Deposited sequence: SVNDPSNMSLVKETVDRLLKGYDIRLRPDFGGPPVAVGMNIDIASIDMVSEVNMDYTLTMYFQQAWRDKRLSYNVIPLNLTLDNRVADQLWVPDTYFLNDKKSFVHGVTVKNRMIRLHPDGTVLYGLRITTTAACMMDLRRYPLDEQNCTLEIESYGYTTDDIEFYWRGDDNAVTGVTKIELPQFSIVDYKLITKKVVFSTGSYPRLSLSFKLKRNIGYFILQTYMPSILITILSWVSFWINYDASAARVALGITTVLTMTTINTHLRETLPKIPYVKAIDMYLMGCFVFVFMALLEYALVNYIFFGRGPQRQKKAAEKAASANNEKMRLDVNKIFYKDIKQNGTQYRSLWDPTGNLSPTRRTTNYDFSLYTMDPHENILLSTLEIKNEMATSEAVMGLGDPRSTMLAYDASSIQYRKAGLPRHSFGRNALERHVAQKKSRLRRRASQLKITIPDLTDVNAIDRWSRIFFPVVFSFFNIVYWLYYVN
């Protein structure tokens, strides 16, 4: 039994040419991709990339590796893949990726009797994903991953998803602490470069950020230092040191909110949606400090403004939140 398997594998590998693709002078080979999302680790806005762990699985048909003596799926060792032809699939938006090796290099070879080669890998990638944050943090990112052949054109290889929408599995159990996968799509397309046309499969996720985590550290203090600015209207006009030190601190605190929150974001030029809130609330805090300066310029220089102007602050600021939380949401 073992000697029959021994004489079969050695017959398959004798005369095998790794430099030639299957059906090199015939139709392109059909390679089907099966991706099992193990985990998504770090969707990082600083470096504009996400870390993806997957079970990549290619499936083609080589007529040279056709054994019809043993009726068993012949799962070989993981050291045979350097002696067989494998496709040259690369990821276009890959920054840094590696195949895990413990205790051996994590890869699979399963020779079906007809010639189907089950070549599968455990690959952890860091796919660069530019993240537009105009609506930060109430946004909806769309991070992709382009599976694409490098050296073989359309008339030498072709890519498709094995199982249609069932080709990608395990994405439903993925729960990031900060994001949440809403939808995922599988697209087959053909890109054309100057060296020819190449097949390309793209796996793309849609990530909707969490409002609640954000509000806990950037919105509840933001709606509330403005409340301390509203305390200054209840303080009498002649208490100059009380209202000024109250009005300066609410100005200077919200300045420190903007500074320590924007190094952990990249130096993007446009105004993110949380920066419109922090600058809009800064105007309300600044107008409260200018409200006292109007009051002091009248008594000493030249109580109605303290009642009416106070009424307006909440009267508008609540209207400001009505405009904000019905446009960006």
## Note on the structure
According to the entry, C-alpha coordinates are missing for deposited residues 1-6, 309-459, 487
